[PDB]
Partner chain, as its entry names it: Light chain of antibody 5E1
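In structure tokens, the next block holds one chain alone, the form solved without the partner chain.
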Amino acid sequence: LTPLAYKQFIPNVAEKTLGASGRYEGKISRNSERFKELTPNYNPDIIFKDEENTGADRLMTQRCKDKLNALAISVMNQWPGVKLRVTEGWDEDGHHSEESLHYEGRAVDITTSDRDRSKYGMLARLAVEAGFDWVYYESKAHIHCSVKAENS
């Protein structure tokens, strides 16, 4: 398996194109009907930074949970004793551009639990192999992973 390079994305097309994660559907706000279709992730093998102390980053679509949970298994296989870590998920605080998949339960920013940046390119490759529809080495400090919408 070949690690991704900094700022590389796989597949090598824009995130919201049909062969990647597909179009945005619209921001999800708390207590909306679409919010009620999100599912919380309390997987003990994933560390959630949850800096807002709201648990919002745990709320994600079922496809996002499926791929994230597969990635959590893969991380523990690659580096025994290390866990997947989520630093950003579903944003309620307005940090991202319009049409960001972070507003839809469809995107996560991730690291390893030890914050060893030398692992991040490989972490991104593991996310591709775990089935995320788009993976991007988005900053020196994290990998961005997203999924197609349930209606796909």
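Numbering follows the first chain given and starts at 1.
Unshown form solved in complex with the partner chain; subsequent notes refer to it.
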- Query: Though only this chain appears here, would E98 touch the partner chain in the deposited bound form if you measure heavy atom gaps against 4.5 Å?
  - Reply: yes
- Though only this chain appears here, would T17 touch the partner chain in the deposited bound form if you measure heavy atom gaps against 4.5 Å? no
- Query: Are any of the heavy atoms in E33 no more than 4.5 Å from a heavy atom of the partner chain in the deposited bound form?
  - Reply: no
- Verify the contact flag for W134: yes if a non-hydrogen atom of it lies within 4.5 Å of a non-hydrogen atom of the partner chain in the deposited bound form, no if not. no
- Any chance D93, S139 and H142 all have a heavy atom within 4.5 Å of the partner chain in the deposited bound form? yes
- Message: For a quick check, can you give me the residues of 1-18 that have a heavy atom within 4.5 Å of the partner chain in the deposited bound form?
- Response: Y6, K7
